[PDB]
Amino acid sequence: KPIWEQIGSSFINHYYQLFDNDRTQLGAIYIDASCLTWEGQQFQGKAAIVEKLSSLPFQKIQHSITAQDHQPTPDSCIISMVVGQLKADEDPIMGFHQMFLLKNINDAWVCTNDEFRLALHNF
């Protein structure tokens, strides 16, 4: 209901729908200084991020969100923590958590920081 929560949820929904259906379009939600750390691998800068995301087999994956937490930051950014499980077909692959730091630039929400970790947690 709160503004930061409405935007955070909308973004998360938008992010996973893009990821599970059109990864190539994800670049649109990042900026040059964005950072992504995927399973320990650091990809600093949009060029690096777009290459990594586009190098993922994921020729069939789907994310299932079990829980999400959103908070506004002092600088009016939105920090979001997502926890869930990513599947294949319908049978469970790893469990995961993902943190996003969202910032509004030229009036558009973009992700400046993306961190993803796989985890054998059922949540």
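A residue's number is simply how far along the shown sequence it sits, counting from 1.
Student: Higher average CA B factor in the deposited record is what I'm after, so tell me if that's 23 to 31 or 88 to 96.
Tutor: Taking the mean C-alpha B-factor of 23 to 31 and of 88 to 96, the larger value falls to 88 to 96.
Student: Check the entry's C-alpha temperature factors for 73 to 81 and 49 to 57, then say which stretch has the higher mean.
Tutor: In the deposited entry, the stretch with the higher C-alpha B-factor mean is 49 to 57.
Student: Which of these, 106, 113, 17, 9, has its C-alpha atom at the highest B-factor, as the entry lists it?
Tutor: Each of 106, 113, 17, 9 was compared by C-alpha B-factor; the highest is 106.
Student: Please place residue 42 in the lowest, middle or highest third of its chain by C-alpha B factor as given in the entry.
Tutor: Tercile = middle for this residue's CA B-factor.
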